[PDB]
K.L.:
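Before anything else, here's the structure in question.
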Number of protein chains: 2
Amino acid sequence: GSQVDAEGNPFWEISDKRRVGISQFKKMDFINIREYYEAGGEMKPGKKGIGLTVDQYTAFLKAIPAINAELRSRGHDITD
Amino acid sequence: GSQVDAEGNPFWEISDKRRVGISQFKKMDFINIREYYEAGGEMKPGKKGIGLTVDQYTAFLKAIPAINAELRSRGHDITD
């Protein structure tokens, strides 16, 4: 499910500490994939991550079938 | 299209400097999304990026329809 982070941006958890979220800067949207760390009980964005532009994200989407096929070859069950 | 990088791992370009590739360490596979920099004509992996486990990557896949819907709301054309 989608949540709203401390900055008021939507995000999805992909593990206990890693998020994918969407931020907006100067009217441009970014897809942020990033690991958060916990300090004093607060989750804070850390250095492991990347903010994709929409065009980079859509290029990633186009590569996903090939990425998935490679992972299936390596023995991983991946959905269509 | 899929290429093979200097380390002998498959990768896909998502922009001029950013790649998604798959590496293997101790028999575990990682999906690496990372920006490369150019020095002396050589492309080198930089600090902007993240190496997802397969489970993190599949969780990301499950979130993509919702991420896409949010981006469409924001005005971006995104394919199914």
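Chain identifiers are assigned alphabetically (A, B, ...) following the order of the sequence lines, protein sequences preceding nucleic acid strands; residue numbering begins at 1 within each chain.
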K.L.:
State the CD1-CG distance between B:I22 and A:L71, to the nearest 0.5 angstrom.
P.N.:
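With rounding to 0.5 Å, CD1 (B:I22) is 4.0 Å from CG (A:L71).
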K.L.:
Answer with side chain, backbone, both or neither: which region of A:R18 has an atom nearer than 4.5 Å to a non-hydrogen atom of chain B?
P.N.:
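For A:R18, side-chain heavy atoms alone lie under 4.5 Å from chain B.
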K.L.:
Can you name the closest pair of heavy atoms from A:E35 and B:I50 and give their distance?
P.N.:
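Scanning both residues completely, I find the closest heavy atoms to be N-CD1, 4.1 Å.
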K.L.:
Does A:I14 share a hydrophobic cluster with B:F30, counting links as ILVMFWY side-chain heavy atoms below 4.5 Å and allowing steps through other members?
P.N.:
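In one cluster: no.
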K.L.:
In the hydrophobic clustering that connects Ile, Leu, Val, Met, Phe, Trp and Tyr at side-chain heavy-atom distances below 4.5 Å, which members other than A:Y37 occupy its cluster, ordered by chain and number?
P.N.:
none
K.L.:
Would a single hydrophobic cluster contain both B:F11 and A:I78, if residues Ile, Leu, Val, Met, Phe, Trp and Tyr are joined by side-chain heavy-atom contacts under 4.5 Å?
P.N.:
no
K.L.:
By a 4.5 Å heavy-atom criterion (distance strictly below it), what part of B:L52 contacts chain A: side chain, backbone, both, or neither?
P.N.:
both
K.L.:
Mind checking which of residues 57-69 of chain A sit less than 4.5 Å from chain B, heavy atom to heavy atom?
P.N.:
A:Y57, A:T58, A:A59, A:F60, A:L61, A:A63, A:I64, A:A66, A:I67, A:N68
K.L.:
Heavy-atom cut-off 4.5 Å, strictly under: side chain, backbone, both or neither for A:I33 against chain B?
P.N.:
both
K.L.:
Measure the spacing between NE2 of A:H76 and CE of B:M28 and express it to the nearest 0.5 Å.
P.N.:
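Answer rounded to 0.5 Å: 7.5 Å.
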K.L.:
Of the listed residues (B:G49, B:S15, B:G51), which shares the most heavy-atom pairs with chain A below a 4.5 Å separation?
P.N.:
B:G49
K.L.:
Could you tell me which of B:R74, B:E70, B:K48 has the largest number of non-hydrogen atom pairs under 4.5 Å with chain A?
P.N.:
B:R74
